[PDB]
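> structure, please.
(chains A, B, C and D)
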Amino acid sequence: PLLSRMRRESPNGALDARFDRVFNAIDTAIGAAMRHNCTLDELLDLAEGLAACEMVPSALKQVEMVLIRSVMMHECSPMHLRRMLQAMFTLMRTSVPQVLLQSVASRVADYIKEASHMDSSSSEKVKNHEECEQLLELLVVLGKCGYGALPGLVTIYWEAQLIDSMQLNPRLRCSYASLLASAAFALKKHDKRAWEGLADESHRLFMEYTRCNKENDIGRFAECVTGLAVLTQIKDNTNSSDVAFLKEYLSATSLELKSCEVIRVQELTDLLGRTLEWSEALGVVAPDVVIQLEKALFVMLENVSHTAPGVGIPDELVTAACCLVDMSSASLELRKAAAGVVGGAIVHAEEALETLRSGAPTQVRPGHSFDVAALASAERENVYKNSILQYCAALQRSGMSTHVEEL
Amino acid sequence: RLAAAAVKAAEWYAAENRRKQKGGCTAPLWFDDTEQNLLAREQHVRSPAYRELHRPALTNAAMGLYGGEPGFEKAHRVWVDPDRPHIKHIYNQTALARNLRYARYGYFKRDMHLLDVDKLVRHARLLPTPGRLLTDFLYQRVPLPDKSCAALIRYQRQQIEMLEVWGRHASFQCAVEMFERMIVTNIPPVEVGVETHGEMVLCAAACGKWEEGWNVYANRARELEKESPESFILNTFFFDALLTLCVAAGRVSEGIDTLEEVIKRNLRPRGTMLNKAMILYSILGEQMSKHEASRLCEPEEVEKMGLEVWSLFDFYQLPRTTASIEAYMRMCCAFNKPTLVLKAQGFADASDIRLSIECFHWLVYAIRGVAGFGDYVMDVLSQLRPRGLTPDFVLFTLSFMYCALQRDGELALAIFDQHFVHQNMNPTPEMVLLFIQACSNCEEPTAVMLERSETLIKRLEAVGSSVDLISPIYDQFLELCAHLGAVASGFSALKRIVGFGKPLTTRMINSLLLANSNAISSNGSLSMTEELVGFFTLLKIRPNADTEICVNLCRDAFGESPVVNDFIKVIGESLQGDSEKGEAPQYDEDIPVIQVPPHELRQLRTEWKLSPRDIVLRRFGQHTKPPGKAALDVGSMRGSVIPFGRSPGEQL
Amino acid sequence: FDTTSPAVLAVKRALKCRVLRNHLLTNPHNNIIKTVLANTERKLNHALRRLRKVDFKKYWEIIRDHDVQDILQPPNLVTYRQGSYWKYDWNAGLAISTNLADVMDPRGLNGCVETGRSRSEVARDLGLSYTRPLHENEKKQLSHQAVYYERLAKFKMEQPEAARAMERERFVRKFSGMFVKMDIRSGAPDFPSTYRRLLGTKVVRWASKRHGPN
Amino acid sequence: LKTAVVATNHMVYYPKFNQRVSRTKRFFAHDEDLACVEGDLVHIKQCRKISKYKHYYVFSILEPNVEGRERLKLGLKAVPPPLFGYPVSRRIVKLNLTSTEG
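Numbers count the residues shown, from 1 in each chain, chains lettered A, B, ... in the order given. See below for the structure:
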């Protein structure tokens, strides 16, 4: 925690090189401790520290092994599970170990079963809400990780429905509403018996969260918009007061963070599309927030293409540009920036094709058949050919091809 | 019903305990059949006579002063209990203190009257056959008790299970002859007890004779128990033997009845007994699944019974072992509960369980019908190495079975690329077929999949094989070539098929036609279409609806040759005639995917019943023919060793 | 046509040993079979050691499959503690055959000749970790130090008079000890061994002149 | 703990017989991070005095014992203990296969 505090206080996002020896000592200590005896509290504190200060340990596998050994212990709490899952999600960046994920899923299924068996007899609704909030947080962090059976777990948790009386924080309300909406969509697709109740509950929770009309973080706003969109798609029922409240919320929400990341540019583009279609459906446009996020992403669009033309444009950025070109409710400056970046991607792909055709004789293997090597070369060319073809189609769905020709 | 029986027995035992306490306060709800035996052992080892007999050698100061006094110049005789030695390295290979020769049966014949037969069986060298052992005991005229009779029968059972499958009958006959001798020997006093009957049941189970074991020896033991009250009480060992016989013979109802009898008799079961019960429930569930596939306790009822057995495992405070984990995983796989399989694996890894490779076999087999677990499979394979385990052909076959079922292909390719190639093991035809099935049924196949399939086929042909999956393997390879557009590879596999001598199939020709249709870029044309279409007439192979679809696709891909058009007309007429004859058009049936449990996956290992302890301790009396005077002789050392010796060269 | 692979030889030797032992089970009076069994067991041991050294994957698979975990064990402690069981690998030409890169990281297996740092120091500087799986007793050894330190500190902070009395008595005996001076005799690492002339005739504290491998 | 016992070989020369023999000596090598497993071919070097009988340290591990490491991972001892060993006395240590009554 001390190192994390110092890193945060540092002007940039990383510490000085003088602490490389400290990090090396910590890595050696972790390597020794994994073999040595270790307790659940120490493991949780270590995971919290590694989440707080970005640090990939040298082993990174003995740690998850001991986490497997500890997750199914009888002393593990739902708060311990959500804490360790948050730490592992932050470390792995949506690439958490699926063995740990499934172990946590089985543990939370057992926990919700025990909670259903106990709380009904023991009730003290607010007192049981202390553990119910921990279970809800574990479910929401599991969903943020991206577990497969999240809709089923959410359905079981709502069958328990021990989190009533809106005693939870607004962020938890919105997250639970989004989880309920996703579970309702899956239940409608597979077994539509209980979909209606889940959809109605999620709609009511979103109404309760949005009636405050306060500005919210980017992630919370995007999740709320996604939940509202999926709820409207599945239920096809809305209220005039609700749409007025949502228009007020859209007007009152702004861009809290000006930090733009090419990692999250796809999420930003998806959020922009969702907000644009939602505003078009409602009938009231909220230009301010969408304009702010559009210019925030346009900054990176300009910087990547212009500052470093020789350096390869990110493929995620290229895909986001392709996804944002074909829409019709976006600004011409964004269209121009997307055209420029996709033109840079096209010229990079053509250069790659030329270099591959020049360096082909270095991959030919005499042991292969004449068709097998031909197929390998064909696919190596066809990946680029298909990428260029789809970029050409995306540009043909707009009128910036003249800008591309000019450049 | 087992949980209800357990709670009823517990409450009845508590009521009886309270009644007898009032007549004459926490007490166990069950009865332990081993607590009195361990208590007797503890009292025996803590008795002063045992402590004085098994004591460390006297030191030099204890013996006397310095040396030279006869009788007090060496430590006195030291006796060691082999089961609980007070010293390390009981035996030694010194020159003057070799004691391995002093451990053979001939030396214990002198004290055979006080001898413990189980200790003799477990710790002795050059023992005779068990029949000769019993004959020698009777000749010495010693009063063999139940423990001695059971020890002799257990020695015979060890010999039986050591012997091969086709050599069990003679040993079983020897066992029954020994049993008859023990029964009919009135003098010296020889008693045949519950333990001896259980050991005979174990012999019958090891040989594989349910009719000879259940209806004879168990019946005799029960008759003795009912004839003599409390003099022939049935221990947990007898019912463990009964459950072993039930598992060996496949009897599930009898095993459940025996376990229920154990529960009702108000005595705690054993971990081995509960493992056997779970195995029997797994067998019942597998039989029920087979019957349903062909399409009578309810599946929900048998699932509940398995769950209540697993609950009883902790109800009786019985620790769970690796065998318990394997049995529970097998039962859950039979009942199709992959979530419970994963939960059981997590529980085992939690406190202390050395998970065996069979546990991961069951883990992979449980999720065969579940999607979104390729990353879990990869992580399991990666975690195999830190646990001291290595993947084998059975586990690779299970993984490729999962890949073929999920038709993902990319997972199978990654598994082969980053786990299998490092193993350098011979692939099996089932493994190769599953890999090719996954790589063909996947979406968006790649040329690397074709390269890997060709490599696997070449390696399989280079190595040996006994089973014959050549036709399905090449059919799936041709389907993969059809999906990829590898017309040249598909046509070249025909030479391999011809070399193997297998006949061509309409499905293979349809795959060739599809390859020609979807290989517009690489190669293929109307000439290829004609060459392929000349097979049905020449090879007298019946056409198909898939054949018609593929030939129409090839026509649209390349053009209109008159021969192709005539074939299309004649195949349309023939399909119409076949529809008139029957009711539905024929189609190319897909190749079934193997989904057999890992316990019947053609294990490539029979049995090795070897014992390193017996090999090192030289049981059965091995001999090495040591060198003689050659090592000892060194020549005359009157002078120094100089080159060419002291007298180089000599004339006689 | 492969009949002479190391794994094939190992399994054939094991099967021959099994057949001979099964024969001796029913015919325990066959001296020639006993000698043949001894020879076959020795050959199986040689084949298994060679297979273990040249291909560990197949050896481990065979061991796990056939439950003979301790099939390769040293016979005698007297010879084992002199390293004659491991000298077999060197004498058989199987010393260096592991492909260390495939199964481990060779960076931390070598000391630095320039600075003199051992492999442990090299691994520490590189951030690596080479720690064998510790048993429960070893974990207890590494874990009880902190527990005992906390116990002692708690006792000293909780019972001042008792700790003060104990420390004063310990200091008094240390100061009054006859050999407080740090001369050559006190600085000798092994007094009973080095000054073994004094034992018996003058000094009776040690009844033995040798306690370790020196 | 933190100590590895290493048996090394040296050469003794007999001029009368004109031959040499390899004798064995044991040393208490030092390993800090507990990396040495029984069966490892190690290179050791002299150093300062570490204990009453420790003045060597494991400079490098030439050949790690994969079998020992895998057995430790599996939970067994690195090397199974030998069944033979040292005698406790000149008198032959006879077994006691007697019942409690006898």
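
> list the contacts of the residue nearest to residue C:67 when sequence neighbours are not counted.
In this structure, residue C:67 finds its nearest non-sequential neighbour in residue B:608, 7.3 Å apart by Cβ to Cβ, 6 or more residues apart in numbering or on different chains. For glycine as for every other residue, the C-beta is placed from the backbone atoms N, C-alpha and C. Contacts for residue B:608 (Cβ atoms under 8 Å, 6 or more residues apart in numbering or on different chains) come out as C:14-15, C:18, C:66-68.

> quick one: residue B:608 from residue C:56, how far?
According to Cβ to Cβ, to the nearest Å, residue B:608 stands 19 Å off from residue C:56.

> my read is that residue A:375 contacts residue B:486, right?
Yes. The criterion here is Cβ atoms under 8 Å, and residue A:375 meets it with residue B:486 at 6.3 Å.

> so where does the residue in the stretch 201-350 of chain A that chain C sits nearest to fall, helix or strand?
As assessed by Cβ to the nearest Cβ, chain C sits closest to residue A:263 within the stretch 201-350 of chain A, at 26.9 Å. Here residue A:263 is covered by no helix or strand, with elements defined by DSSP states H and E.

> assign the nearest residue to it once chain neighbours are set aside to helix, strand or coil.
In space, and not counting its chain neighbours, residue A:263 is closest to residue A:316: 7.5 Å by Cβ to Cβ, 6+ apart. The three-state assignment at residue A:316 reads helix, by DSSP: H, G, I helix; E, B strand; the rest coil.

> residue A:316: neighbour count?
The burial metric for residue A:316, expressed as a neighbour count using other Cβ atoms under 10 Å in any protein chain shown, is 14.

> surely residue D:58 is within a helix?
No. The assignment for residue D:58, made by three-state DSSP, is strand rather than a helix.

> that one and residue C:111, how far apart?
Counting by Cβ to Cβ, the gap between residue D:58 and residue C:111 amounts to 8 Å.

> overlap in contacts, those two.
Listed as contacting both residue D:58 and residue C:111 by Cβ under 8 Å, 6+ apart are C:118-119, D:43.

> as TSV, those with secondary structure would be great.
Formatted as TSV, the entries for the shared contacts of residue D:58 and residue C:111 read as follows, by three-state DSSP:
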residue	secondary structure
C:118	coil
C:119	helix
D:43	strand
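
> number of nearby residues for residue B:442?
Residues near residue B:442, counting by other Cβ under 10 Å, number 22.

> no wait, residue A:363
Using other Cβ under 10 Å as the criterion, residue A:363 is surrounded by 11 other residues.

> same thing with residue B:350?
Residue B:350: 17 surrounding residues under other Cβ under 10 Å.

> contacting residues around it?
Residue B:350 makes contact with A:69-74 under the criterion Cβ under 8 Å, 6+ apart.

> in strands, which of the residues you listed fall?
By the criterion of DSSP state E, membership of these in strands covers no residue at all.

> of these, which is the nearest to residue A:221?
Taking Cβ to Cβ as the measure, residue A:221 lies nearest residue A:71 of the contacts of residue B:350, at 33.0 Å.

> any idea how far the closest one is from residue B:310?
For residue A:71, the distance to residue B:310 under the criterion Cβ to Cβ works out to 20 Å.

> ok, residue A:10 next?
With distances defined as Cβ to Cβ, the gap from residue A:10 to residue B:310 amounts to 54 Å.

> equivalent analysis for residue B:517, please.
Per Cβ to Cβ, residue B:517 is found 55 Å from residue B:310.

> before we move on, what about residue A:193?
Between residue A:193 and residue B:310 the distance, using Cβ to Cβ, works out to 31 Å.

> of the two, which one has the most company?
Neighbours per residue, other Cβ under 10 Å: of residue A:193 and residue B:310, the larger number sits with residue B:310, 22 against 9.

> which SS class is residue B:636?
coil.

> give the burial count for it, as a bare number.
Neighbour tally, residue B:636, other Cβ under 10 Å: 6.

> what about it, distance to chain D?
The gap separating residue B:636 from chain D is 12 Å, by Cβ to the nearest Cβ, to the nearest Å.

> same check, this time on residue A:325
As it turns out, when the distance is counted by Cβ to the nearest Cβ, residue A:325 lies 54 Å from chain D.

> is that residue in contact with residue A:393, as I believe?
No. In terms of Cβ under 8 Å, residue A:325 does not count as a neighbour of residue A:393; the distance is 9.8 Å.

> mind checking which of these two has more residues around it?
Set side by side, residue A:325 and residue A:393 show unequal neighbour counts under other Cβ under 10 Å, the larger going to residue A:325 at 22 against 12.

> in contact with that one, which residues are there?
Contacts were defined as Cβ under 8 Å, 6+ apart; by that measure residue A:325 touches A:335, A:338-339, A:342, A:394-395, A:397-398, A:400.

> that older thread, could you pick out which of the contacts of residue B:608 are located in strands?
Short answer: these have none in strands (DSSP E).

> tally of neighbours for residue C:19?
The burial metric for residue C:19, expressed as a neighbour count using other Cβ under 10 Å, is 13.

> for residue A:326, same thing?
There are 14 residues near residue A:326, going by other Cβ under 10 Å.

> please apply the same query to residue C:117.
So residue C:117, with other Cβ under 10 Å, has 16 neighbours.

> over to residue D:38?
Using other Cβ under 10 Å as the criterion, residue D:38 is surrounded by 19 other residues.

> does it sit in a helix, a strand or a coil?
coil.

> quick one: classify the residue of the stretch 51-200 of chain A found nearest chain C as helix, strand or coil.
Using Cβ to the nearest Cβ, the single residue of the stretch 51-200 of chain A nearest to chain C is residue A:58, 4.9 Å away. In the three-state summary, residue A:58 is assigned as coil, counting by three-state DSSP.

> wait, it sits on residue A:26?
No. In this structure residue A:58 lies outside contact range of residue A:26 using Cβ under 8 Å: 9.9 Å.

> sec struct for the residue of the stretch 251-400 of chain A found nearest chain C, please.
The shortest separation between the stretch 251-400 of chain A and chain C is 22.1 Å, found at residue A:367 (distances taken as Cβ to the nearest Cβ). Per three-state DSSP, the local secondary structure of residue A:367 is coil.

> burial check on it, number of neighbours?
Every residue meeting other Cβ under 10 Å relative to residue A:367 is counted, giving 10.

> likewise for the one 5 residues further on?
A count of nearby residues for residue A:372, using other Cβ under 10 Å, gives 20.

> kindly confirm my reading that residue B:560 is in a strand.
No. When the secondary structure is assigned by three-state DSSP, residue B:560 falls in coil instead of a strand.

> distance of it from residue B:567?
In this structure, residue B:560 and residue B:567 are 12 Å apart, going by Cβ to Cβ.

> please apply the same query to residue D:102.
Between residue D:102 and residue B:567 the computed distance is 95 Å (Cβ to Cβ).

> which one's more surrounded, these two?
Here residue D:102 and residue B:567 are compared on neighbour count by other Cβ under 10 Å; more neighbours surround residue B:567, at 22 against 11.

> I appreciate the help and will end here.
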